[PDB]
Each structure stands twice: as structure tokens, then as C-alpha cells.
Amino acid sequence: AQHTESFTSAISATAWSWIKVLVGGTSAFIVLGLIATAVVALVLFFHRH
Amino acid sequence: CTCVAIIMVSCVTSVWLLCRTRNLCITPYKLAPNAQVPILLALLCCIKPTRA
Amino acid sequence: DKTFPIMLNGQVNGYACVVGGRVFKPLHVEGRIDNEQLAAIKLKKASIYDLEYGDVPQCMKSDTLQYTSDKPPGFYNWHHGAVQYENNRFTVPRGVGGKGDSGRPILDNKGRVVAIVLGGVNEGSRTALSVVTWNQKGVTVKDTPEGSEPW
């Protein structure tokens, strides 16, 4: 072979889109879960006084 | 060494200015336990909120 | 009224009151209930609100009616005296505030439960009670003073 094969040579544009979907959605589904517990905690402090 | 001295002589004029205004926040309200603070000065303009 | 002491190893250590719609029991105490028909009540843990499950049937429902908000600071029918304040509990004198009598309700002049005590063994010259209250529209609030040991 005249060239050198890199680590990201075989990854196409469709395979990059499934990587961003399967990482960004699962990261935001914990971030929304983490921000859900920061809403009722502020609500419970308002209910105390 | 001059540049880290200008920042440090300006950082010590912060805690003598921010906490000076913060000491003028709650001492009109620490003397009034039967009064309710406004929510504009409780959280945004000043730091310490209501505590029970 | 209708309150049930909790049986643990032969001695009394807590009182399990009943409110209309849902029964109660202190979480920090333990033992067995003193009613045969309350043995089927599902025991569960909860948050600091002292939340139990009142799955009693209709045969002994509507015992003590609850009280709404806007509680006046006047007289209240405490079991060993009276309480004459609204935002804080009244400074009850010495003698009261022993041990093993948690969950005792506070009655109104109309025979309505307004609060359930949780703690406050002793603070010194006076005594402050960590008690549950309703703030403005019926939302359940747990109120505690500083340095309140459970009682």
C-alpha cells in the first residue's frame, strides 16, 4: 500500500452520526435527570418557608 | 512580577468592597426577624437567602 | 381521641396517631403496633416528612379531622398542657419533654389535629419542639429548631 491507514479511516458519515446520537442523547438523559433533582430541591426549600 | 502585583492589589480591593456591601445587606434584616426580605436582594443582588 | 402506643420489648417508646385519610407512625422509633387490624398496614421508610401509608379500610375511617392553614396563635389542646404560638411552638416548661413519647398530636379547640411532634428532648431553660405544620395552602412542612435531639 502507498498510504498509511489511520484510526478514523474506516468511519463513514453515517457511522459518525450514530456515534453522536448514541452518546449525546444518553448524556442529556442523565443531565435532564440531574437537573430534575435540582428543581424539587429548590421547591422544597420554598415550601419550608 | 508587576502584572501579578496589579491583580493582587486589585483583588484585595474586592473583598474589602464586595463584603463591605454584603455587610450592609443583612444587618438591617438580621435585626428584624419578623420581616421578610425581598427576593431581588435575597438571591440576585446579595448572597445569603432566608434561613427558616 | 384515638392514639396507639408502639409495643417494643414490653415498654412504651412511641405513639402512632391516626388522621382522617392516612395513619401515621414515627420513623425514628420501632416496634410493634397495638391493634390487630393495623397489623396489615404496609410498613415503609420515607423522607424526613415522617410519611407512612394509611391503608386502613373504611370501618374505622374519619377519626380525627385535619385542620387547614391560617392557624391562629391562640390556645391549643396539647395533651400535657397548652401551646400559644403559631410560627414557633410555645416554650413548654420543664417536666414535659422526657423520652419515648413521639408522635403525640396537638389538638385544636374544635377537636382537630394540627400538628404531630417529633423531637426536642431538652434545650435548657425552655423547650422547643420539632413539629410538622402546614404553611399557606396545605403543603406539608417539617419544622425543626436548632439542636433538637429526637424525642
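What the deposited record gives as its method is cryo-EM, and the resolution it gives is 3.4 Å.

Chemist: What am I meant to see in the pairing of strand β1 (residues 3–8) of chain C here?
Modeler: On a regular strand, one side chain projects to one face of the sheet and the next to the other, so that they alternate. Residue and element names in this part refer to chain C. As paired elements, β1 and strand β2 (residues 11–19) share 5 bridges and run antiparallel to each other. When the sheet's bridge partners are listed, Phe4 is paired in β2 with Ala16. Hairpin geometry of β1 and β2 is characterised by an intervening segment of 2 residues between the two adjacent antiparallel strands and by a positive phi of about 60° at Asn9.

Chemist: Looking at this model, I keep getting lost on the sheet that holds β2(C). Mind explaining?
Modeler: Residues and elements named next belong to chain C. Reading across from one edge, β1-β2-β3 is the order of the 3 strands in this open sheet, with antiparallel pairing throughout. Of all strands in the sheet, those bounded by a partner on one side alone are β1 and β3 (22–23). Summarising the sheet, β2 and β3 pair through 2 bridges and their orientation is antiparallel. Along β3, the bridge assignment pairs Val18 with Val23.

Chemist: What's the story with the state of the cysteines in this structure? I'm lost.
Modeler: Here, disulfide denotes a covalent bond that connects the sulfur atoms of two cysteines. On inspection of all chains with the given rule, the structure shows 1 disulfide over all chains. Disulfide pairing places B:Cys25 opposite B:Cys46 at an S-S distance of 2.0 Å. For the disulfide bridge between B:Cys25 and B:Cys46, the dihedral angle about the S-S bond is near 105°, and by the sign convention the bridge is right-handed. Residue B:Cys25 is found in helix α2 (residues 18–30), and its partner B:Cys46 is found in the segment after α3 (39–44); the two are separated by 21 residues along the sequence. We classify B:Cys46 as buried; its relative accessible area is 10%. Here C:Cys17 stays free of any disulfide, with the sulfur of C:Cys59 as its closest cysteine sulfur at 19 Å.

Chemist: Is there a simple way to explain the nonpolar core in this structure?
Modeler: As a rule of thumb, soluble globular proteins bury nonpolar side chains together. Residue and element names in this part refer to chain C. Within the largest apolar cluster, 12 residues are counted, these being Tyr67, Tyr76, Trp78, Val83, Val92, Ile106, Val114, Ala115, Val117, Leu129, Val131 and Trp151. Leave out the neighbours within four places in its chain, and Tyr76 touches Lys71, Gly81, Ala82, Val83, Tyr85, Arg89, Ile106, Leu107 and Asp108. Residues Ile6, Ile33, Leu38 and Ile41 belong to the second largest nonpolar core, which totals 10 residues.

Chemist: Even after reading the chapter, I still don't get the pairing of β2(C), so can you show me in this structure?
Modeler: Within β2(C), 7 of the 9 residues are buried, which leaves the element mostly enclosed by the surrounding structure. In textbook terms, the turn of a hairpin is the stretch between consecutive antiparallel strands, and for β2(C) and β3(C) this stretch comprises 2 residues, one of which, C:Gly21, has a positive phi near 115°.

Chemist: Whenever I open this one, the UniProt feature "active site" in chain C confuses me. Can you help?
Modeler: All names here are of chain C. Mapped onto this structure's residue numbering, the UniProt feature "active site" falls at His28, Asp50 and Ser102. Across 75 residues in sequence, these annotated residues keep their C-alpha atoms within 11.4 Å of one another, forming a single compact spot. Among the secondary structure elements, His28 is positioned in the loop between β3 and β4 (77–78). Each residue touching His28, except ones within four places of it in the same chain, is listed here: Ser102 and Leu118. Within the structure, the side chain of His28 is placed 3.3 Å from the backbone oxygen of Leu118, a separation counted as a polar contact. Its place among the elements puts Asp50 in the loop between β3 and β4.

Chemist: When you look at the pattern of salt bridges in this model, what are you seeing that I'm missing?
Modeler: Proximity of charged atoms lets side chains of opposite charge pair with each other. Residues and elements named next belong to chain C. In the structure shown here, the tally under the stated rule is 2 salt bridges over all chains. In this structure, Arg32 engages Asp34 in a salt bridge whose closest nitrogen and oxygen atoms are separated by 3.9 Å. Classification of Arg32 by relative accessible area gives exposed; the value is 51%. Of the residues examined, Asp34 reaches a relative accessible area of 39% and is grouped as partly exposed.

Rules used throughout
- Residues numbered from 1 in each chain as written, not as in the entry; some residues may be left out.
- Chains lettered and ligands numbered in written order.
- Part of a larger assembly, values for the part shown.
- Heavy atoms only, no water.
- Pairing = 2+ DSSP bridges.
- Helix = DSSP H or I, 4+ residues; strand = E, 2+ residues; numbered from the N terminus.
- Disulfide = S-S within 2.5 Å.
- Buried < 20%, exposed > 50% of the residue type's maximum accessible area, 1.4 Å probe, protein only.
- Core = buried A, V, L, I, M, F, W, Y, C linked by side-chain atoms within 4.5 Å.
- Contact = heavy atoms within 4.5 Å.
- UniProt positions renumbered as here; feature names shortened; annotations may be inferred.
- Polar contact = N/O pair within 3.5 Å; in protein donor to acceptor, adjacent residues only side chain to side chain.
- Salt bridge = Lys/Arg side-chain N within 4 Å of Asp/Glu carboxyl O.

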